[PDB]
Amino acid sequence: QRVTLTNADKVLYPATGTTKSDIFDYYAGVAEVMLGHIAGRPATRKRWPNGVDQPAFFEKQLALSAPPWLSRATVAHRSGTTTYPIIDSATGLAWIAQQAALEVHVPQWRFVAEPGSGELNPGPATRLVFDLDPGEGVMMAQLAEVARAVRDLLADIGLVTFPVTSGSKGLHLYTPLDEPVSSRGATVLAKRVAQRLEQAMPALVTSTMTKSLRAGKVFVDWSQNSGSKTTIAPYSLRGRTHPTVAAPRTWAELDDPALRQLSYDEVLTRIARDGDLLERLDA
Amino acid sequence: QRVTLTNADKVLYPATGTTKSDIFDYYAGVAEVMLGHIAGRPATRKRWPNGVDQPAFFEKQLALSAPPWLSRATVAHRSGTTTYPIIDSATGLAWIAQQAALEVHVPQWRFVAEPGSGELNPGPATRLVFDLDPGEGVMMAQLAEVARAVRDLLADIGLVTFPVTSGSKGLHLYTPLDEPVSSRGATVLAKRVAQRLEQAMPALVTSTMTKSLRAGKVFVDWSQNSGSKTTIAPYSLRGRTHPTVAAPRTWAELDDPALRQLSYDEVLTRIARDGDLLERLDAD
DNA sequence: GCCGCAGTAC
DNA sequence: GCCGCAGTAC
C-alpha cells in the first residue's frame, strides 16, 4: 500500500549526483500525468540496482515476493506463461522507484476483462506508436521534417499525433485510436504509413531496421505496434549519464535547431505549468 | 587431405534409417556440383551428432582440434572475433559429413585477399538470394506464382534467376551478379524488388518479418543479402525428419501443382542426368 | 559472496 | 555422465 524506500539519498546517476530519493519524488511528481498512459498495460522494467555506471537488467516476470496489492495479469508466451504487473497508482510508481526501475516499458494495448470469466486478457491496441531513430549523421531539421510528415499522413485519415522526445536519441510519436483495433491491424496501418513515407522520401527515410541502410536516414519504426513489443512509457526516466525523460513536447518545439533531451526537473516545471500534453492520448 | 569416418552406419535420420555412411557418400556424391557454390565463403554448421531427434547446435567458430589443412578466415564480430572454416575440397565435405554437420550455411559473398596483406577478408556479394517463405495457409500454387513474379522483376532489370527448394518449407531464388555489388547494394536492390512485389500483390506477398502479418502470405525475404546473414548452401542436407536437400530445380518443375521437396537420393541420380543446374551461378 | 532477473526473428 | 558449440536487431 505504501512502499518503504530503502537506500535513500543513494546516488543512481553518478554524473549528476541524482539520488534514489530524487527518483522517488520525480515519480511521485509525475504520477498525475504519467498514470493514464500506462494503466491497464503490462509494465516491463529495466533496473539499475547499483547506478547508471553499473550492470543493469530487463525484467518482465513479476516477483512472487512483490507486493500483493499490485494489479497483475498473465500472457501465454512461447516458452511459458508470463505474469505481468500493471502500474496504475501513485503507489505503483513508488514501488518502481524503490525497485530501482528507472525505465518503464509498455505496449500500445491494455488488458480487457473477459465476458464470463472476467479474466484479464490482452486487449486491442488503443494508440499507435512510431519510433523515429535518426541514423548516422542525421540532424534535427531532417528528423523533424520526417516527424511532421508522419503527422501529415496520419492527419490525412483524421488522426492526431503527439511528439515525445524519448530521452535517448529517438523521437516517439503517438496517435490515439478513437476506435481501437487489433494489434495486427494497427501494425498494418503504421507499416502502410512508414512505407508510404519511405516511398515519398527515399533519401531521408527508411522503414527498415537493417542497420547497413540507416546512414543518413530516419528509421521510422512501425513494428513496435506489434502486440508482442514494448516502448518506453511517457514521463519515464532513462538509465543514461544524465537523468533524461521520455518528455512530451509540442510540434513547435521540434522546429528548434538546438532542440535537446529534457531533464526530470524541467519536465516537472512544465507539467505544473501546463499539464499533460498527452492528455488526449488516453481519455 | 585425410578424414576418418567415425561411427559409420550409425543412424541420424531414424524415420528413414539414414546412416553416417550414407551422409558420407552423399556429400562425396555432390562434391563436384556443390563446391563452386560454397568455396570462398565462411561455412556455418548446424550439427546433429545424435541424429535428427536429438538437440543440434549452430557452430561458426572453428575448433582448435579441426584439421590444420582446412582453409580459414576471420571476421570481426564487434562482440569479438570469429574465424570460420571455408569448405573448398572433396575432403572438406568428408570432414563436414564426419562432423555430422548435416546443414551447411553460407552468405552471398566470398573472402578476398587484401593487397599487401593476403589476409582473406569479406568481399562483395557474388549472388542475390531471395528466401520465399510461405506463411500459414500458403499452398503450392502461391509459392510458385510469387517466384515467377520475382523472376519477372529480376528479368526486368537484366538479371536471371534460379529456383532451389530449400529442403523444408521455403523456396529460394539465386541470382548471379557477374559484376559483384556490396552487400549493402544487394540488400537495397532485394528490398526494392520485394517492396515492388508487395505493392503489386498485397494479398499474396509481404516484405516484412512481422509474424502476425505473415499469415496467408509469402514472405519474400530480401534481407539474407546482408553480409552478416547466412542461407543454407545449395545441395546441403537438412536437419529434418527425412533427409531432404536444398535442391536446384527448373522453372518448369515449379509449374507442377504437386512440387515437393527432394531427398538426397533423388538429388544424386538427378545430378547424374543433368549435372549442376546452378553452374551459371558461380563461374569463378 | 553469488546468481538470475526478456522477447522472438532471421 | 555433464558442458559448449551464433550473431544481431528491436
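We name chains A, B, ... by the order of the sequence lines, and we start the count at 1 in each one.
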State plainly whether the residues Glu136(B) and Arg214(B) are in salt-bridge range, i.e. N to O under 4.0 Å.
no
[X] [atom1] to [N] [atom2], straight-line distance once rounded to whole Å:
X: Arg45(B); N: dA6(D); atom1: CZ; atom2: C1'; value: 11 Å
X: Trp48(B); N: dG4(D); atom1: CH2; atom2: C1'; value: 17 Å
X: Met209(A); N: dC10(C); atom1: CE; atom2: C1'; value: 8 Å
X: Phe130(B); N: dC10(C); atom1: CZ; atom2: P; value: 17 Å
X: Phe58(B); N: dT8(C); atom1: CZ; atom2: P; value: 18 Å
X: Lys46(A); N: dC5(C); atom1: NZ; atom2: P; value: 15 Å
X: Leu64(B); N: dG4(D); atom1: CG; atom2: P; value: 19 Å
X: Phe219(B); N: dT8(C); atom1: CZ; atom2: P; value: 17 Å

Atom CZ of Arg72(A) with >12 non-hydrogen neighbours under 6.0 angstrom:
yes
So, do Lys217(B) and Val146(B) sit near enough that their side-chain heavy atoms are less than 4.5 Å apart?
no
Between [options], spot the one nearest the side chain of [X], thanks.
X: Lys60(B); options: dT8(D), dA6(C), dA6(D); value: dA6(D)
X: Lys211(A); options: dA9(D), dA6(D), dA9(C); value: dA9(D)
X: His77(B); options: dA6(D), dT8(D), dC5(C); value: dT8(D)

Between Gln261(B) and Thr244(B), do the side chains contain an N or O donor and an N or O acceptor separated by less than 3.5 Å?
no
May I ask you to check whether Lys20(B) and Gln98(B) show a side-chain donor-acceptor distance below 3.5 Å?
yes
For nucleotides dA9(C) and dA6(D), find the distance between their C1' atoms and express it as a whole number of Å.
14 Å
Looking only at atom P, what distance separates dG4(C) and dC5(D), rounded to whole Å?
15 Å
Classify the nucleic acid contact of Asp131(B) as base, sugar-phosphate or nothing, counting any heavy atom under 4.0 Å across all strands shown.
nothing
At under 4.0 Å between heavy atoms, what does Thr82(B) touch on the DNA or RNA strands: base, sugar-phosphate, or nothing?
sugar-phosphate
Upstream residue (5' side of DNA chain D) when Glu59(B) and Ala76(B) are each assigned their closest nucleotide:
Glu59(B)
For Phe57(B) and for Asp221(A), find the nucleotide of DNA chain D with the closest heavy atom, then tell me which residue's nucleotide is more 5'.
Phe57(B)
OP1 or OP2 of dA6(C) less than 4.0 angstrom from a side-chain nitrogen or oxygen of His105(A), does that happen here?
no
Is the distance from OP1 or OP2 of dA6(D) to the nearest side-chain N or O of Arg47(B) less than 4.0 Å?
no
